[PDB]
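To keep things clear, I will list the structure first and then write my remarks on it.
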Amino acid sequence: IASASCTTXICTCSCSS
């Protein structure tokens, strides 16, 4: 339901490092 970089269907995913 939340994270950064890490799912397929709601909206987060990734975006740095």
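Note that the numbers count up from 1, one per residue, in the order the chain is shown.
Structure method, as recorded: X-ray crystallography, 1.0 Å.
Heads up, the Cβ atoms here are built off N, Cα and C, so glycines get one too.
As recorded in Swiss-Prot:
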MOD_RES   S3  2,3-didehydroalanine (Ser)
MOD_RES   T8  (Z)-2,3-didehydrobutyrine
MOD_RES   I10  (3S,4R)-3,4-dihydroxyisoleucine
MOD_RES   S16  2,3-didehydroalanine (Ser)
MOD_RES   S17  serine amide
MOD_RES   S17  2,3-didehydroalanine (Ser)
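Recorded features from Swiss-Prot, shown on the structure.
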residue : record                     : DSSP class
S3      : 2,3-didehydroalanine (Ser) : coil
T8      : (Z)-2,3-didehydrobutyrine  : coil
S16     : 2,3-didehydroalanine (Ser) : coil
Residue from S3, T8, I10 whose C-alpha is spatially nearest that of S17 (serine amide), among the modified residues: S3
Euclidean distance between Cα atoms of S16 (2,3-didehydroalanine (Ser)) and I10 ((3S,4R)-3,4-dihydroxyisoleucine), Å: 18
Protein Cβ atoms within 10 Å of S17 (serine amide), excluding its own: 5
Rounded distance in angstrom between the Cα atoms of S16 (2,3-didehydroalanine (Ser)) and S3 (2,3-didehydroalanine (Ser)): 12
Fewest-neighbour residue among modified residues, criterion Cβ within 10 Å, set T8, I10: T8
Neighbour tally for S16 (2,3-didehydroalanine (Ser)), based on other Cβ positions within 10 Å of its Cβ: 5
